[PDB]
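Right, one structure below, let's go through it.
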Amino acid sequence: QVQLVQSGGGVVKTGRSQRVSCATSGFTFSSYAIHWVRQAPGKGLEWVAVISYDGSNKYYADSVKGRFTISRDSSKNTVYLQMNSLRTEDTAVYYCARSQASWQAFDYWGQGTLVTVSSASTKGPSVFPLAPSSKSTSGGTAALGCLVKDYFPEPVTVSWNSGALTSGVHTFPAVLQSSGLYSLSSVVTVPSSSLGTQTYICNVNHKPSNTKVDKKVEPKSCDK
Amino acid sequence: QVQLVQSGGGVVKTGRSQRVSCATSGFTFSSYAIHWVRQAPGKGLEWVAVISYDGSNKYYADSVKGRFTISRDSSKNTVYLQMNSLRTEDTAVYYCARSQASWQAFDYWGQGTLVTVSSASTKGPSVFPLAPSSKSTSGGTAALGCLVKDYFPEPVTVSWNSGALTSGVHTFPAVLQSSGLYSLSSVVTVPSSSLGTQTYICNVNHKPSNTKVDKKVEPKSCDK
Amino acid sequence: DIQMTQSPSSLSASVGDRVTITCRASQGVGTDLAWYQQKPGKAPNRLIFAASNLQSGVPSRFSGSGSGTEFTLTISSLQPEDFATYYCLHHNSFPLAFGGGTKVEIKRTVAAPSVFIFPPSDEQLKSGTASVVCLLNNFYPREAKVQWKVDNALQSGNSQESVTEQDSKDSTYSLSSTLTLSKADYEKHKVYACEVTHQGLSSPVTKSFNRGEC
Amino acid sequence: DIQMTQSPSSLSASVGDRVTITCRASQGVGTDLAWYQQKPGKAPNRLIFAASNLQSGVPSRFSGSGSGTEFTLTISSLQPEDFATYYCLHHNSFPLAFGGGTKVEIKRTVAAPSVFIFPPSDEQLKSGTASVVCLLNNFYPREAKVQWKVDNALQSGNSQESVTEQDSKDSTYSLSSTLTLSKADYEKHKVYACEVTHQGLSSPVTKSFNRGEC
Amino acid sequence: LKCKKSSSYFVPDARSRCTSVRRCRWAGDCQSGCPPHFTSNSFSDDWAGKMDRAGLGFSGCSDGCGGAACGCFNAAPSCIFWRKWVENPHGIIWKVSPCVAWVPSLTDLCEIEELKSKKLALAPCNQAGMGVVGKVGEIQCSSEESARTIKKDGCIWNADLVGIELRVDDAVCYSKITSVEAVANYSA
Amino acid sequence: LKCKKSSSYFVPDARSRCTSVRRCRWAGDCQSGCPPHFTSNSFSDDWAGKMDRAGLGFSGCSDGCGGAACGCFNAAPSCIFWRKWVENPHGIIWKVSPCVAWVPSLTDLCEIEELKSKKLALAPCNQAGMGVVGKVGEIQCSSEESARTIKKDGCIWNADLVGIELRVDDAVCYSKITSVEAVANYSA
């Protein structure tokens with residue numbers, strides 16, 4: 001069966017270089033063109049470039065033309081996308097896909113190689129509590145969480161009580177603050193009556209900085 | 001046996017107040033004077049104050065006279081030291097000890113109840129790595145650690161690999177930086193050959209901010 | 001340059017339904033057009049090529065048609081997996097181009113959010129910045145208006161929002177709004193409120209706290 | 001005001017030894033003087049009162065003596081537990097006052113420190129401050145001078161030191177010095193060294209790292 | 001005004017075809033996919049074999065459906081080999097001659113003489129030796145014999161003028177070839 | 001100059017004694033420490049009872065060692081009952097008169113008349129009714145008869161003028177009593 005295996009993602013400074021690559025089996029490499037399609041986080045698909053069956057024809061989207069290179073190596077069954085003078089917006093999952101003529105639709109996709117382009121630099125997550133009170137008592141069911149602020153780069157995974165509090169949790173997708181650091185949240189609703197008997201601890205994973213963080217969210221007195 | 005049980009410690013903002021107390025058994029409480037002595041962190045003993053057999057005479061050192069009060073509650077067998085206009089230097093473990101006359105030597109002591117007086121506020125520990133390399137290879141034995149920097153208030157308890165790395169550890173006393181936050185260190189010796197086959201994780205537990213932090217210490221490339 | 005516009009940008013529909021997404025181009029693109037199914041954070045799949053050809057192996061309930069500037073993808077009977085984002089691509093000329101996409105979400109009954117507000121933690125204030133958090137919890141449909149008022153003065157620009165995906169058990173979303181302010185601006189005021197506008201609420205709901213009491 | 005000086009400020013002695021600590025006052029304190037044994041972070045204990053009375057329950061190998069301004073605490077035969085800090089107190093007048101203290105530790109053969117140097121991490125650098133740490137490890141005696149050199153320029157004032165108590169198993173110490181600088185001052189320079197001067201080392205040991213190769 | 005003619009080439013009447021055959025894994029072509037010794041100039045003895053083995057055209061292979069549902073026992077993902085090519089069924093040929101300068105008796109115009117009908121025409125065309133998609137001379141032959149059957153030898157092209165799209169049991173050719181006759185009766 | 005005498009008191013010639021008896025846990029009184037009904041004016045029938053139960057002085061009790069080497073069967077936490085007191089063994093008394101103002105014919109002067117010898121002296125002294133430690137009249141009796149045997153009835157004092165410290169089988173009196181005699185031979 002037909003397959004295309006990317007590799008080479010990572011973090012990269014705004015302005016620097018990166019090489020994503022796409023190595024294919026299943027078919028006859030030098031009969032098909034290859035395209036790159038990229039997807040910013042939670043955005044649409046965007047077409048990046050394509051190289052013809054023999055490398056003679058290369059065409060580029062208008063947003064990277066003049067900055068990206070596609071190329072191909074008959075012997076390794078591989079296609080390379082070179083990315084120079086990278087900018088922050090270029091951050092995306094880069095999928096490579098097969099196409100027989102260079103102008104036809106793509107059929108088989110790659111799994112994507114993620115590229116994150118930021119002037120930021122690795123930082124650990126500050127985990128804060130979001131403490132319940134009678135300002136979150138909604139029918140004798142209260143809501144409490146962790147605010148995981150000012151880290152880089154994604155992902156951090158937040159879980160509750162080391163596995164035993166799952167139902168009723170929502171961990172929200174990161175935002176990116178003007179700084180270049182991520183601000184995600186994570187919350188659970190439990191019953192008000194357990195708010196005095198039950199301990200609640202979130203477990204944050206930032207393996208991009210080998211950090212691990214446990215936080216106990218305890219009630220606060222907001223009816224003074 | 002004669003026994004004396006203090007209580008009432010804690011942290012307090014510079015300028016505010018605190019009350020520690022001493023409750024006695026074994027003897028005839030209101031036949032004995034009671035003394036208070038404090039021990040600043042890693043310092044000598046300093047003599048603080050005293051209340052005579054009946055409260056009628058109280059004497060205070062030159063540094064707390066005008067700021068501390070001693071008093072006593074015959075029915076509860078208690079002596080109280082109230083400490084007002086607290087300052088940073090007053091940070092100490094506070095001991096109470098018996099004396100028959102108001103001027104004799106102390107005989108039986110209390111366990112000490114700790115007072116921390118600071119203009120600071122609760123903070124989590126930033127945990128940074130101390131990575132082994134060819135810059136700490138001393139006879140085929142290398143040293144790796146954690147820097148637990150910029151926290152308040154003590155203690156942080158440090159363990160390694162959640163405990164199965166004990167032999168050869170040195171956990172240092174916290175220092176207190178111009179900032180006002182503690183910079184303790186912690187290190188372990190390992191044999192070099194295990195630096196790639198063995199994982200090393202330090203576990204910093206700071207329950208004063210309900211924080212826990214695991215840090216993975218791995219080698220870095222310094223020979224380029 | 002050619003521009004592919006999809007509509008509806010997203011629709012909500014249910015199992016057994018018929019679903020029709022329209023892709024529309026700003027120039028002729030003949031029959032050089034294709035349709036893709038993308039389930040979340042996965043590789044898209046080709047559904048349709050030549051604007052009418054069923055990608056080999058895609059179910060017969062899928063069908064494409066059109067030419068020129070109009071194309072219509074049609075699932076006769078939405079089956080539970082057919083929920084995804086759906087994309088059109090025109091390959092009539094270089095550069096190629098995709099459409100915006102149409103997300104096909106689950107339609108369920110109208111449900112109002114629980115709203116909770118969390119003032120900035122003390123450990124966070126102390127370092128120099130305050131993150132006030134508003135939570136709208138377990139609501140449908142995904143659309144909701146969250147405005148922050150500081151002493152009945154509307155704020156503008158200082159918010160970020162974020163929404164969870166349609167939950168696996170009730171088909172309801174949850175929005176979290178993080179209001180980041182300087183510690184000096186946070187302490188300058190007493191009553192902080194997030195005000196929620198939703199289809200499931202007859203008039204907007206306010207959740208507030210008074211800073212000194214916390 | 002009376003001023004109590006002990007000496008030696010600290011001594012090293014071994015089992016079976018004879019030990020003599022002297023407390024000295026700046027005025028008469030008669031015989032109103034008392035001697036306390038404090039192991040680290042534990043309850044102080046009273047050994048001697050009236051300058052010469054053995055506290056009820058204290059071993060006979062202890063004895064106090066003196067009067068006026070000089071007092072002598074005396075162990076005839078140091079036993080393993082007697083390692084501790086020892087303090088005098090004069091209660092001749094109010095305010096009472098303690099002496100400086102005498103630490104009596106274990107004496108062992110001379111041993112050289114392992115010396116290691118740790119540069120600041122990226123996760124720390126990038127946020128704005130660099131703490132270089134020098135570690136001196138498993139050595140005796142406790143006395144050691146840690147001088148920081150930045151590009152062959154000796155540093156002064158930006159360090160802290162921190163020493164473990166005499167380890168329970170070999171009688172060896174370990175010092176760590178934390179050198180805090182701004183990231184901007186750290187990045188301005190190439191060759192960083194900590195220089196350890198200790199008796200067990202024939203020449204001062206310098207351990208360095210060069211900023212760029214890491 | 002007259003055309004100052006540089007050299008000239010031949011264009012065929014190219015009607016684009018394609019074919020594909022699916023062989024099983026158990027076959028002798030197929031091992032863990034497609035032979036690397038199959039290339040854009042290999043042929044299969046199995047194809048709808050009328051094929052002019054000396055002609056301009058392109059080949060390739062891919063794995064297809066393999067299973068107990070696609071013609072080959074044991075559930076083996078099977079090989080599909082395909083050729084997309086151009087052919088000149090009616091022997092039609094046009095001589096194209098670029099005009100280097102127009103001379104009394106606009107840029108990038110060319111005289112296009114039909115060879116049977118000798119009917120003349122004017123249209124834009126590629127310069128000799130450039131299989132540029134879009135203009136007359138996508139396919140350029142160096143000799144009337146080469147254009148008569150689009151010999152692989154005398155004739156050039158891009159092979160992306162022709163697309164193929166595989167299906168289960170046949171495939172679907174596409175042609176992006178600009179037709180001479182569709183540029184040379186409007187300006188004839 | 002002459003002395004202006006206000007309300008005047010008597011000072012006894014105080015010698016400080018003290019005593020202790022150790023009863024083990026079982027001598028009735030003794031329990032998980034000392035009985036709470038023993039106070040700073042309690043007496044024991046055991047302390048060598050020549051001592052005046054109508055006299056000025058302070059008492060108390062403590063746990064001692066419990067052990068098979070500590071006087072008590074079973075290693076029992078033992079009671080030590082102790083009384084520290086003052087006494088006037090040679091019956092001497094001084095008439096002390098604070099001088100409110102020096103008057104013609106150095107604050108805090110007082111006449112100290114001895115009562116047998118009629119020996120006079122001038123010295124610092126407490127104002128009447130103040131057992132201020134350090135000064136003549138730390139112990140003040142309000143009557144020549146009370147100064148004669150220092151009754152708790154006629155006399156005041158701070159009881160911290162006498163310190164006691166217990167050992168295994170006795171205790172050691174310490175005395176901070178300023179001797180009248182030692183200020184009234186120097187300033188006689």
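Convention: chains lettered A, B, ... in structure tokens order; per-chain residue numbering from 1; ligands numbered from 1 as shown.
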
Can you pull out every residue within 6 Å of residue C:149, counting only C-alpha atoms, but drop anything in the same chain fewer than 5 positions away, and send it as a VMD selection string?
-> chain C and resid 154 to 155 193

Can you write out the residues you just picked, keeping C-alpha atoms, as a PDB file, in the first residue's frame?
ATOM      1  CA  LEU C 154     -16.877  47.531  28.568  1.00  0.00           C
ATOM      2  CA  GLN C 155     -13.358  46.307  27.794  1.00  0.00           C
ATOM      3  CA  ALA C 193     -18.035  40.701  35.484  1.00  0.00           C
TER       4      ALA C 193
END

Using only C-alpha atoms, find which residues of chain E lie within 6 Å of chain A and jot them down as a JSON list (two decimals) with C-alpha atoms, in the first residue's frame.
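Produced file iface-v3.json, reproduced below:
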[["chain", "number", "residue", "atom", "x", "y", "z"],
["E", 33, "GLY", "CA", 4.81, -3.14, -4.15],
["E", 34, "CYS", "CA", 6.07, -1.87, -7.50],
["E", 60, "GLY", "CA", 4.18, 4.29, -13.81],
["E", 61, "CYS", "CA", 2.90, 1.96, -11.11],
["E", 62, "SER", "CA", 1.16, 2.07, -7.72],
["E", 63, "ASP", "CA", -0.28, -0.37, -5.19],
["E", 160, "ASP", "CA", 2.11, 16.71, -17.57],
["E", 163, "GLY", "CA", -3.02, 13.49, -16.66]]

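Note that atom CA of residue A:85 and atom CA of residue A:65 are 11.6 Å apart.
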
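Within 8 Å of residue E:96, once only C-alpha atoms are used and residues closer than 2 positions along the same chain are dropped, the contacting residues are residues 8, 9, 10, 11, 94, 98, 110, 111, 112, 113 and 125 of chain E.
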
Quick one: everything within 8 Å of residue E:20, counting only C-alpha atoms, minus sequence neighbours fewer than 5 positions away in the same chain. Send it as a ChimeraX atom specification.
-> /E:47-48,80-83,170-171

With a distance threshold of 8 Å and counting only C-alpha atoms, extract the residues of chain A near chain D and express them as a ChimeraX atom specification.
-> /A:121-124,209

Fit chain D to chain C, using all C-alpha atoms paired in sequence order for the least-squares superposition, and then show me the result as a compact mmCIF listing (two decimals) with C-alpha atoms, in the first residue's frame.
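Dumped everything to out.txt:
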# COMPACT_ATOMS: atom_id res chain seq x y z
CA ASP D 1 -5.67 34.67 -8.79
CA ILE D 2 -8.61 32.31 -8.20
CA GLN D 3 -10.48 32.67 -4.90
CA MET D 4 -12.50 29.75 -3.51
CA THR D 5 -15.43 30.39 -1.14
CA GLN D 6 -17.36 27.59 0.55
CA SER D 7 -20.76 27.88 2.15
CA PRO D 8 -22.26 27.46 4.64
CA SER D 9 -19.09 28.27 6.58
CA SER D 10 -20.45 25.74 9.09
CA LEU D 11 -23.72 23.81 9.52
CA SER D 12 -25.42 21.58 12.11
CA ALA D 13 -27.21 18.45 10.90
CA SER D 14 -28.29 15.03 12.21
CA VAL D 15 -28.19 11.35 11.29
CA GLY D 16 -30.30 10.37 8.31
CA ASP D 17 -30.22 13.95 6.99
CA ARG D 18 -29.35 15.13 3.50
CA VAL D 19 -26.37 17.51 3.33
CA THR D 20 -25.29 19.95 0.61
CA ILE D 21 -22.10 22.00 0.75
CA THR D 22 -21.37 24.41 -2.09
CA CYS D 23 -17.90 25.50 -3.25
CA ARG D 24 -17.68 28.54 -5.49
CA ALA D 25 -14.79 30.03 -7.50
CA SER D 26 -14.03 33.55 -8.66
CA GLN D 27 -13.02 32.35 -12.17
CA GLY D 28 -13.57 29.33 -14.30
CA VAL D 29 -11.96 26.20 -12.84
CA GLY D 30 -13.55 23.90 -15.40
CA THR D 31 -14.07 20.54 -13.68
CA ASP D 32 -10.61 20.55 -11.95
CA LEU D 33 -12.03 20.37 -8.45
CA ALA D 34 -11.83 18.00 -5.53
CA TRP D 35 -13.41 17.39 -2.16
CA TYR D 36 -11.63 16.28 1.06
CA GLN D 37 -12.91 15.09 4.45
CA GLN D 38 -10.80 16.01 7.48
CA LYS D 39 -11.63 14.98 10.96
CA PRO D 40 -9.78 17.11 13.53
CA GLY D 41 -6.01 16.62 13.73
CA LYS D 42 -6.17 13.64 11.36
CA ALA D 43 -5.14 12.93 7.81
CA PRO D 44 -7.32 14.67 5.23
CA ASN D 45 -9.00 12.15 2.89
CA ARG D 46 -9.97 12.58 -0.75
CA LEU D 47 -13.69 12.01 -1.48
CA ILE D 48 -14.20 13.48 -4.97
CA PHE D 49 -12.09 14.26 -8.03
CA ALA D 50 -12.90 15.61 -11.51
CA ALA D 51 -15.69 17.42 -9.64
CA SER D 52 -17.82 14.25 -9.90
CA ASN D 53 -15.85 10.96 -9.55
CA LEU D 54 -16.30 8.98 -6.32
CA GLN D 55 -12.83 8.33 -4.89
CA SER D 56 -12.07 4.64 -4.95
CA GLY D 57 -13.21 3.24 -1.59
CA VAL D 58 -15.48 6.17 -0.48
CA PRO D 59 -19.15 5.39 0.50
CA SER D 60 -21.88 5.63 -2.08
CA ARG D 61 -23.83 8.06 0.15
CA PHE D 62 -21.35 10.64 -1.16
CA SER D 63 -21.56 12.39 -4.50
CA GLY D 64 -19.98 15.46 -6.05
CA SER D 65 -21.21 17.54 -8.97
CA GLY D 66 -20.69 20.86 -10.63
CA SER D 67 -18.52 22.60 -13.19
CA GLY D 68 -17.43 26.12 -14.07
CA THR D 69 -17.72 28.11 -10.79
CA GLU D 70 -20.21 26.15 -8.68
CA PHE D 71 -19.71 22.73 -7.17
CA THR D 72 -21.83 20.71 -4.79
CA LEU D 73 -20.82 17.99 -2.40
CA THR D 74 -23.84 15.88 -1.43
CA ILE D 75 -24.43 13.31 1.29
CA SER D 76 -27.67 11.45 0.74
CA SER D 77 -27.85 10.05 4.30
CA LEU D 78 -25.53 11.49 6.97
CA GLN D 79 -23.89 8.71 8.95
CA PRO D 80 -22.24 9.25 12.33
CA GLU D 81 -18.74 9.37 10.90
CA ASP D 82 -19.50 11.92 8.22
CA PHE D 83 -19.20 14.75 10.80
CA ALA D 84 -16.01 16.52 9.91
CA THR D 85 -14.71 19.57 8.12
CA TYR D 86 -14.99 19.44 4.29
CA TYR D 87 -12.85 21.40 1.86
CA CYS D 88 -12.71 21.94 -1.86
CA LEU D 89 -9.52 22.44 -3.96
CA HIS D 90 -9.28 23.89 -7.46
CA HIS D 91 -6.34 22.63 -9.46
CA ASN D 92 -7.22 24.42 -12.65
CA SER D 93 -4.01 26.50 -12.55
CA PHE D 94 -0.92 27.15 -10.55
CA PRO D 95 -0.99 28.17 -7.77
CA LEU D 96 -3.57 25.69 -6.60
CA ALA D 97 -5.87 26.84 -3.83
CA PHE D 98 -8.18 25.44 -1.17
CA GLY D 99 -11.65 26.61 -0.16
CA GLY D 100 -12.58 28.01 3.21
CA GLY D 101 -14.07 24.80 4.65
CA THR D 102 -17.45 23.66 5.99
CA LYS D 103 -17.75 22.17 9.44
CA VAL D 104 -20.60 19.65 9.71
CA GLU D 105 -21.35 19.00 13.42
CA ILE D 106 -24.03 17.21 15.48
CA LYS D 107 -27.36 18.93 16.06
CA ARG D 108 -29.03 18.49 19.46
CA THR D 109 -31.61 20.41 21.51
CA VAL D 110 -30.82 23.92 22.71
CA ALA D 111 -28.92 23.90 25.99
CA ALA D 112 -27.84 26.87 28.19
CA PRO D 113 -24.25 27.33 29.43
CA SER D 114 -23.28 27.01 33.01
CA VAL D 115 -21.29 30.23 33.53
CA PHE D 116 -18.54 30.54 36.10
CA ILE D 117 -15.99 33.28 36.83
CA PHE D 118 -12.48 32.87 38.29
CA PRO D 119 -10.54 35.87 39.70
CA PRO D 120 -6.72 36.00 39.60
CA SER D 121 -4.90 34.08 42.34
CA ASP D 122 -2.60 35.64 44.93
CA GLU D 123 0.40 33.63 43.71
CA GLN D 124 -0.19 35.29 40.30
CA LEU D 125 -1.33 38.78 41.40
CA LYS D 126 1.71 39.29 43.58
CA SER D 127 4.13 38.63 40.69
CA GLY D 128 2.56 41.36 38.57
CA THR D 129 -0.30 40.33 36.26
CA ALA D 130 -3.95 39.30 36.72
CA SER D 131 -5.73 36.86 34.37
CA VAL D 132 -9.47 36.73 34.97
CA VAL D 133 -11.08 33.70 33.31
CA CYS D 134 -14.73 33.33 32.34
CA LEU D 135 -15.94 29.77 31.69
CA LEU D 136 -19.06 28.93 29.64
CA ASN D 137 -19.77 25.23 30.06
CA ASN D 138 -21.75 22.44 28.30
CA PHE D 139 -23.89 24.40 25.87
CA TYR D 140 -25.33 24.27 22.31
CA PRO D 141 -25.08 25.89 19.76
CA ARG D 142 -21.41 27.07 19.73
CA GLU D 143 -22.23 30.74 19.14
CA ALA D 144 -21.82 32.94 22.24
CA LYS D 145 -20.74 36.51 22.93
CA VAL D 146 -18.43 37.10 25.89
CA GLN D 147 -18.24 40.77 26.92
CA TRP D 148 -15.95 41.81 29.79
CA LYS D 149 -17.14 44.61 32.10
CA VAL D 150 -14.77 46.25 34.59
CA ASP D 151 -16.72 48.42 37.05
CA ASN D 152 -19.73 48.64 34.67
CA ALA D 153 -17.27 49.71 31.93
CA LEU D 154 -17.30 47.30 29.01
CA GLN D 155 -13.83 45.98 28.05
CA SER D 156 -12.35 45.47 24.60
CA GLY D 157 -9.15 43.88 23.27
CA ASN D 158 -7.57 42.40 26.40
CA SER D 159 -9.37 39.05 26.08
CA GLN D 160 -8.80 35.79 24.28
CA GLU D 161 -11.36 33.03 23.76
CA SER D 162 -10.85 29.26 23.45
CA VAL D 163 -13.50 26.60 22.66
CA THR D 164 -13.45 22.84 22.98
CA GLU D 165 -14.56 20.73 20.07
CA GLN D 166 -18.13 19.48 20.34
CA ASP D 167 -17.88 17.07 23.25
CA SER D 168 -18.06 13.40 22.28
CA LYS D 169 -20.83 12.42 24.64
CA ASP D 170 -23.59 15.09 24.67
CA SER D 171 -22.63 17.30 21.65
CA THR D 172 -22.07 20.35 23.89
CA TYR D 173 -19.24 22.87 23.77
CA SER D 174 -17.45 24.97 26.41
CA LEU D 175 -15.70 28.37 25.96
CA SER D 176 -13.02 29.93 28.21
CA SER D 177 -12.04 33.60 27.88
CA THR D 178 -8.67 34.76 29.36
CA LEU D 179 -8.66 38.48 30.26
CA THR D 180 -5.07 39.62 30.89
CA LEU D 181 -4.32 42.92 32.72
CA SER D 182 -1.52 44.47 34.71
CA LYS D 183 -1.84 44.03 38.47
CA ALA D 184 -1.94 47.84 38.68
CA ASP D 185 -5.04 48.08 36.50
CA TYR D 186 -6.66 45.13 38.29
CA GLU D 187 -6.24 46.64 41.78
CA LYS D 188 -7.74 50.00 40.63
CA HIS D 189 -11.26 48.53 40.45
CA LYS D 190 -13.99 46.82 42.52
CA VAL D 191 -16.73 44.95 40.53
CA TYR D 192 -15.61 42.62 37.70
CA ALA D 193 -18.10 40.76 35.44
CA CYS D 194 -18.18 38.54 32.37
CA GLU D 195 -21.40 38.76 30.36
CA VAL D 196 -22.48 35.80 28.25
CA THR D 197 -25.03 36.10 25.51
CA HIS D 198 -26.35 32.73 24.30
CA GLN D 199 -29.53 31.37 22.73
CA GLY D 200 -30.18 28.99 25.61
CA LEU D 201 -30.29 31.94 28.02
CA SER D 202 -33.42 34.12 28.14
CA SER D 203 -31.42 37.13 29.34
CA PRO D 204 -27.67 37.64 29.13
CA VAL D 205 -26.05 36.02 32.14
CA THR D 206 -23.60 38.12 34.13
CA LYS D 207 -21.23 36.44 36.61
CA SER D 208 -19.15 38.73 38.81
CA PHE D 209 -16.79 38.89 41.73
CA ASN D 210 -16.03 41.87 43.96
CA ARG D 211 -12.29 42.23 44.53
CA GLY D 212 -12.07 43.00 48.26
CA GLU D 213 -14.21 40.24 49.76
CA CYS D 214 -11.83 37.55 48.52

Please, which residues in chain F fall within 10 Å of chain D when counting only C-alpha atoms, and what is the closest atom pair and distance in Å to one decimal for each, ordered by chain then residue number, as JSON lines?
{"residue": "F:64", "atom": "CA", "partner": "D:56", "partner_atom": "CA", "distance": 9.4}
{"residue": "F:65", "atom": "CA", "partner": "D:57", "partner_atom": "CA", "distance": 8.4}
{"residue": "F:165", "atom": "CA", "partner": "D:49", "partner_atom": "CA", "distance": 9.1}
{"residue": "F:166", "atom": "CA", "partner": "D:56", "partner_atom": "CA", "distance": 8.4}
{"residue": "F:167", "atom": "CA", "partner": "D:56", "partner_atom": "CA", "distance": 5.9}
{"residue": "F:168", "atom": "CA", "partner": "D:56", "partner_atom": "CA", "distance": 6.6}
{"residue": "F:172", "atom": "CA", "partner": "D:50", "partner_atom": "CA", "distance": 9.6}
{"residue": "F:174", "atom": "CA", "partner": "D:50", "partner_atom": "CA", "distance": 9.3}

Output N, CA, C and O atoms of each residue in that selection to a file, as a compact mmCIF listing (two decimals), in the first residue's frame.
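Wrote again.txt, looks like this:
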# COMPACT_ATOMS: atom_id res chain seq x y z
N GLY F 64 9.97 14.13 89.14
CA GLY F 64 11.35 13.72 89.12
C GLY F 64 11.54 12.59 88.14
O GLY F 64 10.66 12.25 87.35
N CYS F 65 12.73 12.02 88.20
CA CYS F 65 12.96 10.75 87.54
C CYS F 65 11.98 9.69 88.02
O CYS F 65 11.61 9.64 89.20
N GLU F 165 17.11 25.34 93.38
CA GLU F 165 17.23 24.36 92.30
C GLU F 165 17.45 22.94 92.81
O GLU F 165 18.34 22.68 93.62
N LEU F 166 16.57 22.06 92.37
CA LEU F 166 16.47 20.71 92.86
C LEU F 166 17.47 19.81 92.17
O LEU F 166 17.73 19.91 90.96
N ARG F 167 17.92 18.83 92.94
CA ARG F 167 18.74 17.69 92.57
C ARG F 167 17.95 16.43 92.86
O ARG F 167 16.73 16.46 93.07
N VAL F 168 18.66 15.30 92.84
CA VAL F 168 18.00 14.02 92.98
C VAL F 168 17.36 13.91 94.36
O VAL F 168 16.20 13.52 94.49
N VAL F 172 19.24 23.23 96.29
CA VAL F 172 20.34 24.15 96.53
C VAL F 172 19.67 25.51 96.59
O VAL F 172 19.13 25.97 95.57
N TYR F 174 19.65 29.47 96.52
CA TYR F 174 20.35 30.69 96.11
C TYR F 174 19.57 31.89 96.65
O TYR F 174 18.34 31.93 96.61

Could you tell me how far atom CA of residue E:43 lies from atom CA of residue E:128, in Å and to one decimal?
-> 29.2 Å

Distance atom CA of residue A:48-atom CA of residue E:178, one decimal place?
-> 27.2 Å

Taking a cut-off of 6 Å and counting only C-alpha atoms, can you build a table that, for each residue of chain B near chain A, reports the nearest atom pair and how far apart they are in Å (one decimal), sorted by chain then residue number, as JSON lines?
{"residue": "B:210", "atom": "CA", "partner": "A:216", "partner_atom": "CA", "distance": 5.2}
{"residue": "B:211", "atom": "CA", "partner": "A:215", "partner_atom": "CA", "distance": 5.1}
{"residue": "B:212", "atom": "CA", "partner": "A:214", "partner_atom": "CA", "distance": 4.8}
{"residue": "B:213", "atom": "CA", "partner": "A:213", "partner_atom": "CA", "distance": 4.7}
{"residue": "B:214", "atom": "CA", "partner": "A:212", "partner_atom": "CA", "distance": 4.8}
{"residue": "B:215", "atom": "CA", "partner": "A:211", "partner_atom": "CA", "distance": 5.1}
{"residue": "B:216", "atom": "CA", "partner": "A:210", "partner_atom": "CA", "distance": 5.3}

Tell me, which residues of stretch 6-222 of chain B carry DSSP strand (DSSP E or B), written as a ChimeraX atom specification?
-> /B:6-7,10-13,18-25,27,33-39,46-51,58-60,68-73,78-83,92-99,109,113-118,123,126-130,137,141-152,157-160,169-171,176,182-191,200-206,211-217

Secondary structure check, alpha helix (DSSP H) residues of stretch 113-167 of chain C, as a PyMOL selection string | chain C and resi 122-125

Residues within 12 Å of residue E:116, only C-alpha atoms, excluding chain neighbours under 3 positions, as a VMD selection string | chain E and resid 90 to 95 113 119 to 120 144

Skip residue A:72 itself and residues of its chain fewer than 5 positions away, then list as a ChimeraX atom specification all residues within 8 Å of it, counting only C-alpha atoms.
-> /A:51,55,77-80

Convert the current residue selection to file output with N, CA and C atoms, as a CSV table (one decimal), in the first residue's frame.
chain,number,residue,atom,x,y,z
A,51,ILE,N,6.2,20.0,-6.9
A,51,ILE,CA,7.3,19.7,-7.8
A,51,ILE,C,6.8,18.5,-8.7
A,55,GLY,N,11.2,17.1,-11.3
A,55,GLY,CA,11.8,18.3,-10.8
A,55,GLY,C,11.8,19.5,-11.7
A,77,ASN,N,13.8,8.1,-2.8
A,77,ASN,CA,12.4,8.2,-2.9
A,77,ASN,C,11.9,9.3,-1.9
A,78,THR,N,12.4,10.5,-1.9
A,78,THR,CA,12.1,11.5,-1.0
A,78,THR,C,11.9,12.8,-1.7
A,79,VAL,N,11.0,13.7,-1.1
A,79,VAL,CA,10.8,15.0,-1.5
A,79,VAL,C,11.1,15.9,-0.3
A,80,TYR,N,11.8,17.1,-0.5
A,80,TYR,CA,12.2,18.0,0.5
A,80,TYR,C,11.5,19.3,0.3
